[PDB]
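Only one chain is included here, represented as structure tokens and corresponding to the form deposited in one PDB entry.
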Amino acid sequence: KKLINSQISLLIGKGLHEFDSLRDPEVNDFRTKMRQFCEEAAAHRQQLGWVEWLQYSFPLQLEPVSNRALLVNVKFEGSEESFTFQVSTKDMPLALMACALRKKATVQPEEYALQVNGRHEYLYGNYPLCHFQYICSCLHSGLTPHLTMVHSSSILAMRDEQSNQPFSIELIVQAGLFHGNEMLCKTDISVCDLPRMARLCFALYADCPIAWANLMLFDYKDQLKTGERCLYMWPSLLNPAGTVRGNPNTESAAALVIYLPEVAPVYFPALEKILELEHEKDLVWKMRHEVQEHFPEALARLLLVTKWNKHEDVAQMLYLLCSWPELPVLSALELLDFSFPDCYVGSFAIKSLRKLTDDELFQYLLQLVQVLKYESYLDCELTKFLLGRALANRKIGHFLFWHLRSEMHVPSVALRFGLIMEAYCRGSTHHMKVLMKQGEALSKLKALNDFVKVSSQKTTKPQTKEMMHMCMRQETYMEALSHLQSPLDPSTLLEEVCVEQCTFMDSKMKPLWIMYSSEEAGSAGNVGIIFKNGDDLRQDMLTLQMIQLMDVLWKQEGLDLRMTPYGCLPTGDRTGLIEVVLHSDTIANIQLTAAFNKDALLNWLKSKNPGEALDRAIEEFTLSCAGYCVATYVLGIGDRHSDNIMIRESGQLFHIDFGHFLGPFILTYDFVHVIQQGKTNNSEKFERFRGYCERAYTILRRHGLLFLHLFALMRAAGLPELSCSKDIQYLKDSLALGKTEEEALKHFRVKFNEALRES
């Protein structure tokens, strides 16, 4: 009744009064309508069935002839006593639950769910036990799974307690009219001709650019803007992609007072009113009905040919779009680009993305948050979609919050991002409290890192480590750093902080290595996190999400290349978290017993995998080496050394620290020796690896457009190595999109020979 308003303010890092002090009708209208939208979603959520609630709160953690049957440990809610019994690998959770209730009575299964001990996870649904991530990881590490039988009533109890004339302007400076990236007229247009998404872009210069400012010609209520407007500029020539809202720093920002002449109130024609009304481009526009009927996927090309300045062509295009059938995910993601800015085009693109699954949405969520930067008005279809999907799934809501929270320091998005988070919080009061615990933990991690930064300059490395340990052992710090959901994976619980296992890197920004343990979770609760303050993790997150996509796409064609796309999450201004892949070490640390460096990797794997286990480790290495050889070549991952390439004790080879991408790969004889089983020349084993590399490269080539589309949507992020058209050009060259399957295979073989030649 009083705290919520201050709770949101502390969580978002901005006071709610700052939105009210703006005296903006658009801001207030978004706040009232989205609060209503999010509260209704929260009400529907409180009436869900116990499994439907689990599908929201604990979404299934799944993996992307037998012969097998493995052991399991099961306990109940009240009693501490556990029952150990062997079950089948093919068996479903209901079979385990029925077996658990039989052993309980001696010492109905449909009314239960299997809680994963010391983890924010549940084992439910019609899936074989081996398909669940927890059981699979337990099987691949020789661990006994610990589960708890939780009755339907208990899940509902948890659900209940977690409730809530030519255009003219008087310049009182370069002016230009835009409908996205293309000029509507000269830097020459009628008022009736003006489209709904028309932008008036300014540039103040002396050659030396000073500042820029953009504005919408129509308001959020569809009415044409009149008359006087003070434009607070952003520092810089003409920038149409930039935000339509002024600089919040009114004290130092240069302004631009302009007057919009009163032509008559004039509102843009409504839906029903619209419905009534070089040589290649003209031919495509002529065949607009044939494209609507026979080629629906060619909509993007049809929107690029239509005259956005001519109002007759726009209304003609809109009627075709109003009757246009549903388009695939790939085509819909292409339409969210700044080249297609029309509101009705955006609404059609969102409706085509309603068929996305929670897992599909999660993969593109990073790009969807980036599209919000291109949005002109606060109340848009993308915001309604993201909020609605985040309210339906707690894991989606988690990452949507963190993706917006990490950009709060940026003034251009702080208002939009802060309002969406406030709306989400009105929808989920309990999850808001859960995220506050994560925010308070990161607050103490920042303070601890600041302390380590100062202490390192004053004393030696082991003295700074004991200094770090004393700071952690503080009552407030121990409570804040412990018993929370992992921001990198909400399914993982960060229980007891292991102060003695915690350390720092003696280099520039001094990153922290934080270790955790869990009595309840056992060995699964042993988790590590790298906290980085001062280094930017946006480029690292993108590269890892692309490697994850590569892995997903390969698996969709039946190819498992045993990749390691570990979690990376920026949380604030040059602040973020990295997931520690335990039981893994760098090539450099392994090199620091092999007589020669070419034998180092195999010798290390021999000691970790003795006997028959070695053959699997060699296969794990070969598949992962092939996967990363293609991944590093395609994405253009440079600055590669022995300290940024890691290997798991199980065999898997993986890359770390992605500071430079998009402009050849690392194929050292250290890798070849493991692939060839230790033999000087093993053609059979190397040609299979070459074959696996060729297969990996060809599967990505067919999905080349998807990589290009996602990299095009990531131009909004403001990445230094991904901002212009020439940056994405590396993917066109590396994947060889113009070439055919055999033309690119010969090109890749020369590059494969080149990486092996210079070794």
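The term rigid core refers to the most C-alpha atoms you can superpose between the two forms while keeping them within 1.5 Å. For every residue, the number given is its place in the sequence shown, counted from 1.
This protein has a second form, the form deposited in another entry, left out of what is shown; the following refers to that one.
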item: Identity of the moved residue from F83, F340, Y477, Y220, C-alpha shift 2 angstroms or more, core fit between the shown form and the other one; value: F83
item: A254 C-alpha relocation of at least 2 Å between the shown form and the other one, rigid core basis; value: no
item: Rigid-core frame, C-alpha of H140, shift of 2 angstroms or more between the shown form and the other one; value: yes
item: After fitting the core, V72 CA displacement of 2 Å or more between the shown form and the other one; value: yes
